[PDB]
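The residues making up each chain are set out below.
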Amino acid sequence: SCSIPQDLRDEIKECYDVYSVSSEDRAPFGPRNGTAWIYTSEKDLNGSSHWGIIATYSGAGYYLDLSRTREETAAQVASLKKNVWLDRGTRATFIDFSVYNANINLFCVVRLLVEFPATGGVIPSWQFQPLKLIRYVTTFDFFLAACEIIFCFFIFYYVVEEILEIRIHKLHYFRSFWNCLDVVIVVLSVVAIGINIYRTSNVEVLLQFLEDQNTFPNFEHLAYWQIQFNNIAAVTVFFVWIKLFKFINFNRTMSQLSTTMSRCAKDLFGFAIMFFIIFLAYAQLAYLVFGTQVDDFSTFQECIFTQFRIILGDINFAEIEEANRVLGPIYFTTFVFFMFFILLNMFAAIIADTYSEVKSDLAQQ
Amino acid sequence: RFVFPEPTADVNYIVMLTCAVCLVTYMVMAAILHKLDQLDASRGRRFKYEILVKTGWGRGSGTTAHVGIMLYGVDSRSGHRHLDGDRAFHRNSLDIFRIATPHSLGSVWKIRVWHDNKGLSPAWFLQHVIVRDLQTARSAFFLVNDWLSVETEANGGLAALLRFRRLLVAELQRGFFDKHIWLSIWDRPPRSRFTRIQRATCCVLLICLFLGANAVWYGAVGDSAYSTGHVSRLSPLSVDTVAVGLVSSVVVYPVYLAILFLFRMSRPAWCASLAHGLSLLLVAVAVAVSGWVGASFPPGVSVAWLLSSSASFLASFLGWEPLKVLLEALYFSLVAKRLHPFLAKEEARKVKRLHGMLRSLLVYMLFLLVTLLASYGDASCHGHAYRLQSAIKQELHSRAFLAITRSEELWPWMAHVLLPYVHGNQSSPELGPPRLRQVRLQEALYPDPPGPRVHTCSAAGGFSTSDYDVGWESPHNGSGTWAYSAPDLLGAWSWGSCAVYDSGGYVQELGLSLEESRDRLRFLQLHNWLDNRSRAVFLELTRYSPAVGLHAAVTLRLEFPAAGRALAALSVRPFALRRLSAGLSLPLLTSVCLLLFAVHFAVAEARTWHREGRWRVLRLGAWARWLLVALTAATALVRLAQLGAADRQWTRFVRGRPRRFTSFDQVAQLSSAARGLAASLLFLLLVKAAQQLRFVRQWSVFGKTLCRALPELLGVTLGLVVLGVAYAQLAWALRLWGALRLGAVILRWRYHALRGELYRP
Ligand SMILES: *[C@@H]1O[C@H](CO)[C@@H](O)[C@H](O)[C@H]1NC(C)=O
Ligand SMILES: *[C@@H]1O[C@H](CO)[C@@H](O)[C@H](O)[C@H]1NC(C)=O
Ligand SMILES: *[C@@H]1O[C@H](CO)[C@@H](O)[C@H](O)[C@H]1NC(C)=O
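- Looking at the entry header, you'll see cryo-EM listed as the method and 3.34 Å as the resolution.

### Brief notes about the overall build of chain B
Piece 1. If you tally the helices and strands in chain B, you get 20 helices and eight strands.
Piece 2. Across its three principal directions, the C-alpha atoms of chain B cover 130 × 80 × 50 Å.

### What about the state of the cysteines?
Piece 1. Counted under the stated rule, the structure contains two disulfides over all chains.
Piece 2. At a sulfur-sulfur separation of 2.0 Å, the disulfide partner of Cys2(A) is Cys15(A). Taken together, the residues span a long stretch of sequence, with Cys2(A) in the segment before α1 (70–82) and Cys15(A) in the segment before α1 at a distance of 13 residues.
Piece 3. Residue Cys15(A) is classed as buried on the basis of its relative accessible area, which comes to 8%.
Piece 4. The disulfide partner of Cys457(B) is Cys498(B), and the S-S distance across this bridge is 2.0 Å. Here the residue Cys457(B) occupies a position in the loop between β4 (435–436) and α13 (514–526), and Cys498(B) occupies one in the loop between β4 and α13, the gap between them amounting to 41 residues.

### Description of unusual backbone geometry
All names here are of chain B.
Piece 1. With phi around 55°, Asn92 is a residue other than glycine that occupies positive phi space.
Piece 2. You will see that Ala459, though not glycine, has its phi angle at about 60°, which is positive.
Piece 3. Residue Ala459 is classed as exposed on the basis of its relative accessible area, which comes to 55%.

### Here's the deal with the site of ligand 2
Piece 1. Taken together, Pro31(A), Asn33(A) and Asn83(A) form the complete shell of residues around ligand 2.
Piece 2. At a separation of 2.4 Å, an oxygen atom of ligand 2 approaches a polar side-chain atom of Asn33(A).

### With respect to the packing of aromatic side chains
To describe a pair of aromatic rings, you give the distance between the ring centres and the angle between the ring planes.
Residues and elements named next belong to chain B.
Piece 1. Tallied over the full model, the rule gives 53 aromatic pairs over all chains.
Piece 2. Ring geometry for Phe194 against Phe263: centres 6.2 Å apart, planes inclined by 90°, an arrangement best described as edge-to-face. Linking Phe194 in the loop between α3 (164–175) and α4 (199–217) with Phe263 in the loop between α5 (243–259) and α6 (271–294), this pair joins segments that are 69 residues apart in sequence. No difference in accessibility class separates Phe194 from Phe263, as the two residues are buried.
Piece 3. Ring centres of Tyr468 and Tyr506 lie 5.7 Å apart, and the angle between their planes is 85°; this geometry places the pair in the edge-to-face category. One end of the pair, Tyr468, is in the loop between β4 and α13; the other, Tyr506, is in the loop between β4 and α13, and 38 residues separate them in sequence.
Piece 4. Exposure remark for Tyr468: the relative accessible area of 9% places this residue in the buried category.
Piece 5. By relative accessible area, which is 3% here, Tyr506 ends up buried.

### Observations regarding the sheet that holds strand β2 (residues 112–118) of chain B
Residues and elements named next belong to chain B.
Piece 1. Taken together, the three strands give an open sheet; going across it, the order is β1-β2-β3, and neighbouring strands pair in antiparallel fashion. Of all strands in the sheet, those bounded by a partner on one side alone are β1 (64–69) and β3 (152–155). Mean inter-strand twist for the sheet, computed between neighbouring axes without regard to direction, equals 15°.

### Digging into empty space enclosed by the protein
Residue and element names in this part refer to chain B.
Piece 1. Taken as a whole, the largest cavity encloses approximately 160 Å³ of empty space.
Piece 2. Among the elements that line the lining of the largest cavity, the one with the most residues is strand β7 (residues 550–559), at five residues.
Piece 3. In terms of residue class, the lining of the largest cavity is made up of ten nonpolar, six polar and four charged.

### What to know about a nonpolar patch on the surface
Piece 1. A contiguous nonpolar patch, built from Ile149(A), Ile150(A), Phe153(A), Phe154(A), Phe156(A), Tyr157(A), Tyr158(A) and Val160(A) and spanning about 860 Å² of accessible area, is present on the exposed surface.
Piece 2. Checked against the element boundaries, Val160(A) lands in helix α2 (residues 139–163).

### Considering the interface of chain B and chain A
Piece 1. Taken together, the contact between chain B and chain A spans 49 residues of the former and 53 residues of the latter.
Piece 2. Interface area for chain B against chain A, summed over the two sides, is near 4,800 Å², with a carbon-plus-sulfur share of 69%.
Piece 3. Considering only the side of chain B, the residues that lose the most area to chain A are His382(B), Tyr386(B) and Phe702(B), jointly responsible for 12% of the buried surface there.
Piece 4. Seen at the junction of chain B and chain A, the total is zero salt bridges.
Piece 5. Applying the counting rule to chain B against chain A returns eight residue pairs in polar contact.
Piece 6. Mapped onto the side of chain B that touches chain A, the elements with two or more residues apiece are α9 (343–376), α10 (383–393), β6 (544–545), β8 (567–575), α16 (665–691), α17 (701–708), α19 (733–740) and α20 (742–759) of chain B.

Thresholds, definitions, all that
- Residues numbered from 1 in each chain as written, not as in the entry; some residues may be left out.
- Chains lettered and ligands numbered in written order.
- Part of a larger assembly, values for the part shown.
- Heavy atoms only, no water.
- Residues with missing side-chain atoms left out of burial classes, pairs and counts.
- Helix = DSSP H or I, 4+ residues; strand = E, 2+ residues; numbered from the N terminus.
- Disulfide = S-S within 2.5 Å.
- Buried < 20%, exposed > 50% of the residue type's maximum accessible area, 1.4 Å probe, protein only.
- Near = heavy atom within 4 Å.
- Polar contact = N/O pair within 3.5 Å; in protein donor to acceptor, adjacent residues only side chain to side chain.
- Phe/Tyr/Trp six-rings, centres within 6.5 Å; stacked < 30°, edge-to-face > 60°.
- Pairing = 2+ DSSP bridges.
- Axes fitted to C-alpha atoms, helices over the stretch in contact; angles between N-to-C directions.
- 1 Å grid on protein atoms, 1.4 Å probe; cavity = no way out; pocket = protein on both sides within 12 Å on 5 of 7 lines; lining within 4 Å.
- Points joined across faces, edges and corners; volume = space filled by probe spheres on them.
- Nonpolar A, V, L, I, M, F, W, Y, C, P; charged D, E, K, R; others polar.
- Patch = residues over 30% accessible without salt bridge, like charges linked within 9 Å, V, L, I, M, F, W, Y side chains within 5 Å.
- Areas by Shrake-Rupley, 256 points an atom, 1.4 Å probe, with all protein chains shown as cover.
- Salt bridge = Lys/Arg side-chain N within 4 Å of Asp/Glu carboxyl O.
- Contact = heavy atoms within 4.5 Å.
- Buried area = accessible area lost by both parts, 1.4 Å probe.

Put into structure tokens, the structure is as follows:
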């Protein structure tokens, strides 16, 4: 699948490239007995992508459904092991199943992934997800259904009473931060309602499995939309709670504590850009220098999070100098000095100064 | 003739980074040009001497007239304005001409005069403004002294039957630097309806159209003549490297010269906004297409595409705008036969400063692009390098090797894991047999009783340099069967725990096959090859990976501080063997361009050293710029050395591959150093990019409050460190100072002072 340099082609017999949809095998190999030696497409596997660690794998490949009792599943696994099924050309392996636990009403789908990078090695990953597909059983579920129809009514009211404040009232005034936020909540709630309707509008895979209980239950799709819906329903609550600041002005001492922030949010924004430019300047330098032999700087995001953890005084530099000695301790010392004693303070001083003047800007009045 | 590639989920950074600079560099100068043409909008409403234009010679002027004077010449052109006064050249009235005519030629021919009277014509004749000299004599003391008529025109140098031969010259001199839109952002004449803000729009339109057109012919058109891509070397060919840029530039203009029609002659009511929208759409779609088609470029074509795109720009600058200017001048000279083309010194200084800032930003953006391509130009074999480095340790039992204490555990170590890893069925390709070079130290050590490890390391002497036969010293016939194998000229200095070694030492080739490897191992095991003084062991072989295309230098070392126990250390350096004899790859292109930025930055320092003369030392500007030269030169000259070493080692290995070792390790060092330097120059450029944020009105205080408070901060830290030294002299201050929160108050005082100072203006 890749190109062998002609100079040493007498030694390199063959190569296997990294995983890619344009370089994925599609031909039978070994004994062509069953479905474990024949490429089955994604469309007739009812699969989907996964977005693993090394890359994003498709839903096709060579699969096999194990048996229902141990003494024959072990025989199938032994048969797979004997006729070599994991050659060097293999790049990913998935094992998945699901359980019910009928005491409470809560399914649980399990997927385990093993990745074989082209540079050798093994990278494991796991995912357990507690789905629930038979919701409407207990009276509490009826109560939850009532409370979510109520939520739909509330979001309808909030969207209509916010549209009413655009063309029937103030035209095109957004720079208030209390209407720019009131739109984010509505949009996120609409998205979360659409996702929830789409998720529970098709549970046909459960019906198909319940028809015949000797096949593989393909619950993989629901376990993804459940995560995608929890990721949205958890951010909406955060902004709803943040919206409470709109109403805390009940006395003459809560008003100046907010005026201070409202008047120092213009000066802090200017310094934030200057701070984060040098922050990224350190981050990229660390990524380029140490990002090959540490693993704390292996990727750019990890480099950023490592510096954020340096600010907390969490990480120990016991291994930084091992990757490089000229730039090993120098980087740490200069970073700490310049961003923990000269640049991290300006965020404090400014605020303090602002507060002072604000107090005067009231006391004189 | 087109193929939809959509190959895979790969990414190409050269195309993505080039297109991400030509857009930032435009969004940045947009504000500069807005701030610059606001001055022209508010102002559009002296080398020349004091013009003696006291018109005490004309009378009988019962009307109002206006006289325009064209200050022609080389790099100078202007006109006239309204005479703000109560007289305003009424009946038997006149005035003296003196206006803002800063665009004045030298002490050469500069004269062109017209006079239009609204209504009647006076029966008078005002000769001229015959100045002699006040500042630089940008005019001549002479006059015509002719009568004034309907649209009178007096022309001279220091009626016109054949206007063509002079109208051509006038139109050429006017439009030569006004229609050439590339260098026309700097020299727009006043009272024009083109406004300097869509001059920077058409320019970026041409840039992003050249990028798209060159990106189309590479990777999308590959069926016609198969002449594209691999068959043509990325090196300058002049058959498919300069021709592509020419063709792309030629075909682009019918989109450009049609959108200029919506900027000029647009007062044609709201065409300016529509043209701006069409631009801001075409630029975006061109960038998107360029990215989508370039995300599949092999590492060899993406460097010829850059050269083709650069050469396309050199065609729109040296013969395609000049011919447009000539054609337009010919048109205006052959059809319609047109016959027409304290508060003060503060604005001139501001305009000069803005022009200097504008011309000082393109160089910085080019430098940033070059230094970004020099470092992230191949930022895809970086995760693969980390994976290869990690996978060479977790399968070679790094933890087991690093934990051995007995000096004899080495033999089971190699007999257990090393041999099954080096030799196998098809288990992890090798590219060269290992080696076991050893240093004797000639000064046999006397050990210490066991227990805790004796501090770190001590009790060492010299090094052996002679030959010894089988077993040990007994040289009988010629040289010892265990020769010294003197160190190589280049490629050594491992710098051990507490010693510094070189490439010399008694070597062991270990054989080729597993069985003969065991034979050699046991032979030197029984004959006491490693039980003596025997400072080090220095096991190091190689590693190749063709799936990602990376090599790896592996080195395993044991040091014996005292006889009886050893300390282990291993190093796996993954690199990419890119060689100087491979053509004109990216690491050479962005290493000869960086060498030119280290010369333009050096001559620009000599031109100030000479001008300021002696005693320029002891200032930041004469030191902070010499560091930049000494860094750019090193970054350029280290990569070249690495490229040369690649050729030398690779050809030496290919010469004797079946039986040699060739110790690629040195490259794995240089190819790292060249990455350390190129990752710090970009750091300096990014720091400067933050320092240059002081040009916003309300944000300039941040730099000043940091610079003025710096001495007090250094004084405080010096006091703390000397206090710590005094405390330790009797025989942690970070927590103390971090709890004192001093720096905060020091910065707050200066911030308050500067805010108070800035509040009043
Ligand atoms: C893989 O291909 C190479 C070159 O064609 C050759 O070694 C052989 O055909 C294959 N090797 C296998 C299948 O082990
Ligand atoms: C293929 O045949 C049976 C199943 O059809 C299987 O058990 C057997 O091992 C295979 N034959 C081989 C590998 O020779
Ligand atoms: C995919 O779903 C269809 C729907 O009935 C089913 O018939 C088929 O067996 C599924 N694919 C696999 C591999 O089970």
